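Single chain ahead, written as structure tokens, the form deposited in one PDB entry.
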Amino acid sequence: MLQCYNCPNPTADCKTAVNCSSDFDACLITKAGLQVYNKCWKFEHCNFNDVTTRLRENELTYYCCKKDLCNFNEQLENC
């Protein structure tokens, strides 16, 4: 099992850490304008088309990682 930040809704500063279902093999962080998402995710869905369609977001950037709690907001907050 992988631990990821997983907030049910987009929010600033997602601190909600969870032990993801074993089927989730990656952690996702995505910024879609004002909406920032942090989820338990899958690599098969770590592509622009799958992230946009599934979060129903027209434009965004995303990042997937495989270490516990890796999907925090460092990349956004350091900029």
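Start at 1 and count along the sequence shown; that's the residue number.
The protein also exists as the form deposited with a partner chain bound; that form is not presented, and the subsequent description refers to it.
- Taking the partner from elsewhere, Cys20 is found to have every heavy atom lying beyond 4.5 Å of its partner chain in the deposited bound form.
- Its partner chain in the deposited bound form is not approached by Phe24, whose heavy atoms all lie more than 4.5 angstroms from it.
- Contact annotation for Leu60: at least one heavy atom lies within 4.5 Å of its partner chain in the deposited bound form.
- Its partner chain is not drawn, but in the deposited bound form it has no heavy atom within 4.5 Å of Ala32.
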